[PDB]
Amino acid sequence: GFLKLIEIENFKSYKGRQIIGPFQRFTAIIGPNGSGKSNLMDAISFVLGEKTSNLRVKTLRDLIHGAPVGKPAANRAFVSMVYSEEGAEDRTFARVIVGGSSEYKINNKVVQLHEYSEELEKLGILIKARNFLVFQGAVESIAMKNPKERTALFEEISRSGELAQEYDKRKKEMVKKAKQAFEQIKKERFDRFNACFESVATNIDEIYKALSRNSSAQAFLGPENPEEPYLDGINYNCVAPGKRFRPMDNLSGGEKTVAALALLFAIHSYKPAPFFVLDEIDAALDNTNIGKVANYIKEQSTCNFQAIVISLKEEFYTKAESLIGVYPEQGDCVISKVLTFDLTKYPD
């Protein structure tokens, strides 16, 4: 489970053929204000199956360098990912732009999207759910969800909400053969929900403890309806350091932040992808905790997941083993290139 490197050719501002990485276990992507970093985020999304409409273009061809202003650099472009795994040969996943359409490839054999996605699924990478990705502003959105919105989110990640339409259909079909028909869909939804929820609830205290580095902090997740949790809100109670037990809602500022982070990291600790792309989470952080989150990432990256962070704040990315620095080269169109820098060669 390791993203070893990304290879790009003529994708957005990445003109020519360029290697991105190799990545270490904790790598920060940084650079002065430009399109380079977000184009790299898009390259990662693109190689993992993202739809064109989520890539800030109208047509696939517009992803070829220079294509937006009618000066394409080639008739094709590609992004590939090298995925490494102890005991096994490297597997290369590539998506090529060919004739305005996507061609998917595993180790240079052309495949259809269904097989590309199935193969990524076997590796822990859920391209439709985007389990590997923490989008920008993800912390803020979590911190705003009330108990019922929290239940909505668990129905999504656990895919139990898929069964939510049949649950209601068989509930009307009830009011002897319908008693068994409903109790079966009730049980499928419940086992899906609880398998996810109970993992998150189990892991959340250790995460909340790790983020606010002292052991005095505690966190708890309980359904409102412990029988059918999908039919009610999910309660989230925190004992912030020094303060008494309270609902996460009743928190405030930099501590509600750390509690939403712990819930966010806890949600992802279930069926976790082998790598974790964090797009500018250090943006919603104060000099009161950004260092602690960065230390939490550093600690988790030596064992639990590979961390790839796009970061604006030195107090975050100086904790990385490795920096990928994005810079512009002047040209007709914006051109981006990268540098690699090993930080482990220096003390702190």
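A residue's number is simply how far along the shown sequence it sits, counting from 1.
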### Message
Are residue 175 and residue 176 truly consecutive in the deposited sequence, or are residues between them missing coordinates? Give the number as none, 1 to 3, 4 to 9, or 10 or more.
### Response
10 or more
### Message
Please compare 295-303 with 58-66 and name the stretch with the higher mean C-alpha B-factor in the deposited structure.
### Response
295-303
### Task
Would you determine, from the values in the PDB entry, which of 101-109 and 143-151 has the greater average C-alpha temperature factor?
143-151
#### Entry: Identity of residue with top Cα B-factor, from 321, 280, 42, 286
286
### Query
Going by the entry, which of 189, 95, 130, 91 has the most elevated CA B factor?
189
### Task
Sorting the chain's modelled residues by C-alpha B-factor, tell me whether residue 182 ends up in the lowest, middle or highest third.
highest
### Query
Against its chain's modelled residues, does residue 239's Cα B factor rank lowest, middle or highest third?
highest
### Task
For residue 79, return the chain-relative third of its C-alpha B-factor as stated in the PDB record: lowest, middle or highest.
lowest
## Note on the structure
On the chain's distribution of Cα B-factors, residue 333 falls within the third called highest
### Message
Going by the CA temperature factor in the PDB record, which third of the chain does residue 117 belong to: lowest, middle or highest?
### Response
lowest
